[PDB]
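**Q**
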Amino acid sequence: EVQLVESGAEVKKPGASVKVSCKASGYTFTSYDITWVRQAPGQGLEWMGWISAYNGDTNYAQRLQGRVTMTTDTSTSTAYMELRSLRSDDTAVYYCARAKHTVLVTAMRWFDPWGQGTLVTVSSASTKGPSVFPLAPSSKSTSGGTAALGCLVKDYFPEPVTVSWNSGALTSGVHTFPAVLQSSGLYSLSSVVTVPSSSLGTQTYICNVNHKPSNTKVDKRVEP
Amino acid sequence: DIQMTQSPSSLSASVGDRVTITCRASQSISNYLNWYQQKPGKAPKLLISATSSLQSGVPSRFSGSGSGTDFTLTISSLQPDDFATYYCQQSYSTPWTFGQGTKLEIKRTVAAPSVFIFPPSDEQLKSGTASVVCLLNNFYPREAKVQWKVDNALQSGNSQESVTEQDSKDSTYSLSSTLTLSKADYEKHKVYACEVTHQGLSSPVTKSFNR
Ligand SMILES: [Ca+2]
Ligand SMILES: [Ca+2]
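Read top to bottom, the protein sequences are chains H and L.
Going letter by letter, the first sequence gives residues 1 to 52, 52A, 53 to 82, 82A to 82C, 83 to 100, 100A to 100G, 101 to 213 in PDB author numbering.
Going letter by letter, the second sequence gives residues 1 to 211 in PDB author numbering.
#1: For the region 173 to 188 of chain H, list every residue whose C-beta sits within 8 Å of some C-beta in chain L, in sequence order.
#2: May I have the straight-line CA-CA distance separating H/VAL111 from H/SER7, to the nearest angstrom?
#3: Looking only at its chain, what residues have a beta carbon closer than 6 Å to the beta carbon of H/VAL152, apart from the 5 residues adjacent to it on each side?
#4: Got a sec? Which residues, its chain only, sit under 6 Å from residue 222 of chain L by beta carbon, not counting five neighbours each side?
#5: Is there at least one Cβ from chain L nearer than 8 Å to H/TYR194's Cβ?
#6: Just the chain L side, please: which residues come within less than 9 Å of H/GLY65 by C-beta, in chain order?
#7: Is the CB-CB distance between L/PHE62 and L/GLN166 below 8 Å?
#8: Would the beta-carbon of L/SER208 fall within 8 Å of that of L/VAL191?
#9: Following the continuous alpha helix (DSSP H) through L/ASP122, name the residue where it begins and the one where it ends.
#10: Spell out a yes or no on whether the region 38 to 52 of chain H and the region 20 to 32 of chain L are touching, meaning 3 or more CB-CB pairs, one atom from each, closer than 8 Å.
#11: Is L/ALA184 close to ligand 1? I mean its beta-carbon at under 7 Å from any heavy atom of the ligand.
#12: Can you give me the C-alpha to C-alpha distance between H/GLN105 and L/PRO40, rounded to a whole angstrom?
#13: Hey, does H/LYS201 have any beta-carbon neighbour from chain L nearer than 8 Å?
#14: I need the DSSP call for H/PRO123, collapsed to helix, strand or coil.
#15: Inspect the CB distances between the region 133 to 142 of chain H and the region 29 to 42 of chain H and report whether three or more fall short of 8 Å.
#16: Distance, Cα to Cα, L/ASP151 vs L/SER203?
#17: Starting from L/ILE48, follow its DSSP beta bridges and name the residues at the other end.
#18: Less than 7 Å between the CB of L/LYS190 and some heavy atom of ligand 2, yes or no?
#19: Do L/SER177 and L/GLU161 have their CB atoms nearer than 8 Å?
#20: Could I get the ranges of all uninterrupted beta strand (DSSP E) runs contained in the region 171 to 202 of chain L, with 3 residues as the minimum, in chain order?
#21: Do H/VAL121 and H/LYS19 count as a contact pair if the criterion is CB distance below 8 Å?
#22: Look up L/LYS149 in the DSSP assignment and say whether it is helix, strand or coil.
#23: H/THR131: which of L/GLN89, L/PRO59 and L/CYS134 sits nearest, CA to CA?
#24: Taking C-alpha atoms, which residue in L/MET4, L/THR206 and L/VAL205 lies nearest to L/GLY101?
#25: If H/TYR90 sits next to H/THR116, beta carbons under 8 Å apart, how far is it from one beta carbon to the other, in whole angstroms?
#26: May I ask which residues mark the beginning and end of the beta strand (DSSP E) holding H/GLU1?
#27: Could you say if the region 32 to 46 of chain L and the region 86 to 95 of chain L meet the contact criterion of at least three C-beta pairs nearer than 8 Å?
#28: Quick check on H/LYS143 - is its C-beta less than 8 Å from some C-beta in chain L?
#29: What residue range does the beta strand (DSSP E) around H/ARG210 cover?
#30: Closer than 9 Å, Cβ to Cβ, to anything on chain H: give me those residues from the region 81 to 101 of chain L, in chain order.
#31: Could you name the residues of chain H that L/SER168 contacts, counting a contact when the two beta carbons are closer than 9 Å?
#32: Tell me which residues of the region 39 to 60 of chain L have at least one Cβ-Cβ distance to chain H shorter than 8 Å, keeping chain order.
#33: Can you confirm whether H/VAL99, when its beta carbon is compared against all beta carbons of chain L, has any partner nearer than 8 Å?
#34: Please determine, among H/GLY174, H/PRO126, H/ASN155 and H/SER76, the residue with the shortest C-alpha to C-alpha distance to H/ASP144.
#35: Would you call the region 92 to 107 of chain L and the region 12 to 21 of chain L touching, i.e. three or more CB-CB distances under 8 Å?
#36: Cα-Cα, which of H/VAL2, H/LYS13, H/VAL211 and H/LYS206 is closest to H/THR183?
Here's what the structure looks like:
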């Protein structure tokens, strides 16, 4: 019911600015705060600030001196966060959350519903969407009546890509692995699923590869 | 500023065990203590506000304790879907600061990998590169060893591997190896083999195909 949905991933150059949306649903937008917190890949969560969806008052974190701007648009139940003059150490997932922080100071203070996150990569390199290759089930992919099939998402920058199977319908048995760095600085990953090899000619398997920083969206039909 | 410090950085338990994380603030924060769970990939989720208030939905195996500068989250019978990192949050004074997290891993019986191998798609071959993929599926514990062999010759480069986070339902891991050649080299050879060592195997297992 109560859900925060965020803007997709983005790559920005050093010194640019980034602006991340966050749209609310299923609760009364004007009656909570919205807080932003960032998580650098590998080590931990950091408060950035918050904004009153009713007053519009903002309280920013000190380090981000005059680099962060948090706004809200009442009609769209959406909050925004701008980070000016981007640094290489600004690469993180950028969360928004609904925050309870009323005029009554009680211990029921918290962030709940968080948005799914926005990965902002800061780098001088150019986006590259990926090529999507099928990993086809064969006798070399059969163990005891179970086949394995996948997709090989190769050569993209930056992270992340998302994979789904049968447009979200197939999930039990799926593995999307962490991406590796190639000798070239372009990421790759693979996504596999295990299925009954009996129903191989009867079932269709399609992987839906979304890499938003290049606004690419490949579907590959994987076949024996 | 108030510095939250969690007191096991990492811990592994068995399904059914009782598990306790400790969080300690640098000044009296009263009962203004929050607990978040972060399954890998997903965003954090509030589990407990104000030291011991369970958020409706959150299973009752989770509990909060303490006042002042020492706080405790207890999982009374650990479940496989409790694999996650847990952060405390002090909600006393701005900025509300977080603990460094406690990685929590589930221990389970040994499981040997299902080894698969995938030759390159003819699609990929058109563009003059050949990636060969070996899959180790649903094994435990985590230490496995992949060696690639071409015509029974140990390969020594153009290898990348990745391992999943622990599985939320069956506590296992999966590993994906890729061997990437130019199309030239790939066609200078016949036999491509993946060799897997893992403790649930008596001796190394080799899956292979003929180009
Ligand atoms: Ca060559
Ligand atoms: Ca030959």
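Built from N, CA and C at the ideal position, the CB exists for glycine as well.
**A** So, from the data block:
#1: Residues passing the 8 Å Cβ filter: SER177, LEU178, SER179, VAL181 and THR183.
#2: For the purposes of this step, residue 111 of chain H is identified with residue 122 of the first sequence, where counting begins at 1. For the purposes of this step, residue 7 of chain H is identified with residue 7 of the first sequence, where counting begins at 1. About 16 Å.
#3: Walking along the first sequence from the start, residue 152 of chain H turns up at place 163. If we look at H/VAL152 and ignore the five residues flanking it on each side, its Cβ neighbours are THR165, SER180, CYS196 and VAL198.
#4: Because chain L is modelled from 1 through 211, residue 222 of chain L falls outside the range shown and cannot be assessed.
#5: Within the first sequence, residue 194 of chain H is the residue found at index 205, counting from 1. Using beta-carbon distances, H/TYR194 does not count as an interface residue toward chain L, since no partner is under 8 Å.
#6: The residue labelled residue 65 of chain H in the question sits at position 66 within the first sequence. In chain order: nothing, as chain L lies at least about 17 Å away.
#7: As a first step, residue 62 of chain L is located in the second sequence; it is residue number 62 there, counting from the start. As a first step, residue 166 of chain L is located in the second sequence; it is residue number 166 there, counting from the start. For L/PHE62 and L/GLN166, no; Cβs fall outside 8 Å.
#8: Here residue 208 of chain L corresponds to residue number 208 of the second sequence, with the count starting at 1. Here residue 191 of chain L corresponds to residue number 191 of the second sequence, with the count starting at 1. Cβ distance < 8 Å, so L/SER208 and L/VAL191 count as in contact.
#9: Here the question's residue 122 of chain L lines up with position 122 in the second sequence. Its alpha helix (DSSP H) spans residues 122 to 126.
#10: no
#11: The residue given as residue 184 of chain L occupies position 184 in the second sequence. Checking the Cβ of L/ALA184 against ligand 1 gives yes.
#12: Locating residue 105 of chain H in the first sequence gives position 116, where the first residue counts as 1. Locating residue 40 of chain L in the second sequence gives position 40, where the first residue counts as 1. Their backbone Cα atoms lie some 12 Å apart in a straight line.
#13: Taking the first residue of the first sequence as 1, we reach residue 201 of chain H at position 212. No, H/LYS201 lies away from the interface with chain L (no Cβ there is under 8 Å from its Cβ).
#14: If you number the first sequence from 1, residue 123 of chain H lands on position 134. Strand, per DSSP.
#15: The count of Cβ pairs closer than 8 Å, one atom from the region 133 to 142 of chain H and one from the region 29 to 42 of chain H, stays below three, leaving the stretches out of contact.
#16: Along the second sequence, one-based indexing puts residue 151 of chain L at 151. Along the second sequence, one-based indexing puts residue 203 of chain L at 203. If I take the Cα positions, the gap works out to 20 Å.
#17: Position 48 of the second sequence, counted from the first residue, corresponds to residue 48 of chain L. In the DSSP output, where bridge partners are listed per residue, L/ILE48 has L/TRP35 and L/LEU54.
#18: Here residue 190 of chain L refers to the residue found at position 190 when the second sequence is read from its first residue. Correct: L/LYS190 has its Cβ closer than 7 Å to ligand 2.
#19: Position 177 of the second sequence holds residue 177 of chain L. Position 161 of the second sequence holds residue 161 of chain L. Yes. Within cutoff.
#20: 173 to 182 and 191 to 198
#21: One-based indexing of the first sequence puts residue 19 of chain H at position 19. One-based indexing of the first sequence puts residue 121 of chain H at position 132. Against a cut-off of 8 Å, the Cβ pair of H/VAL121 and H/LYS19 comes out as no contact.
#22: As a working mapping, residue 149 of chain L is identified with position 149 in the second sequence. L/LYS149 falls in the strand class under three-state DSSP.
#23: Here residue 131 of chain H refers to the residue found at position 142 of the first sequence. If we check each option's Cα against that of H/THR131, L/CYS134 comes out closest.
#24: Here residue 101 of chain L refers to the residue found at position 101 of the second sequence. It is L/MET4 whose Cα lies nearest to the Cα of L/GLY101.
#25: Taking the first sequence and counting its residues from 1, one reaches residue 90 of chain H at position 94. Taking the first sequence and counting its residues from 1, one reaches residue 116 of chain H at position 127. So it is not a contact: roughly 18 Å between Cβ atoms.
#26: Position 1 of the first sequence holds residue 1 of chain H. Where H/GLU1 is concerned, there is no enclosing beta strand (DSSP E), given that its DSSP letter is neither H nor E.
#27: yes
#28: For the purposes of this step, residue 143 of chain H is taken as the residue at position 154 of the first sequence. So, interface residue.
#29: Taking the first sequence and counting its residues from 1, the one referred to as residue 210 of chain H is at position 221. Note, H/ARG210: beta strand (DSSP E), 205 to 211.
#30: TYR87, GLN89, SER91, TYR92, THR94, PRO95, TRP96, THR97, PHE98, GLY99, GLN100 and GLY101
#31: As a first step, residue 168 of chain L is located in the second sequence; it is residue number 168 there, counting from the start. Under the 9 Å cutoff, chain H gives no residues; its nearest Cβ is about 11 Å from L/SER168.
#32: Under the 8 Å Cβ criterion, the region 39 to 60 of chain L contributes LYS42, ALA43, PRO44, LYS45, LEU46, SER49, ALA50, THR51, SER53 and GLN55.
#33: Within the first sequence, numbered from 1, the residue matching residue 99 of chain H stands at position 103. For H/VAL99, the answer is no, since every Cβ of chain L falls outside 8 Å of its Cβ.
#34: Taking the first sequence and counting its residues from 1, the one referred to as residue 144 of chain H is at position 155. Out of H/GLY174, H/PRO126, H/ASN155 and H/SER76, H/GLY174 has the C-alpha closest to the C-alpha of H/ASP144.
#35: The region 92 to 107 of chain L vs the region 12 to 21 of chain L: in contact.
#36: Counting from 1 along the first sequence, the entry for residue 183 of chain H is found at position 194. Out of H/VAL2, H/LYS13, H/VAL211 and H/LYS206, H/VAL211 has the C-alpha closest to the C-alpha of H/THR183.
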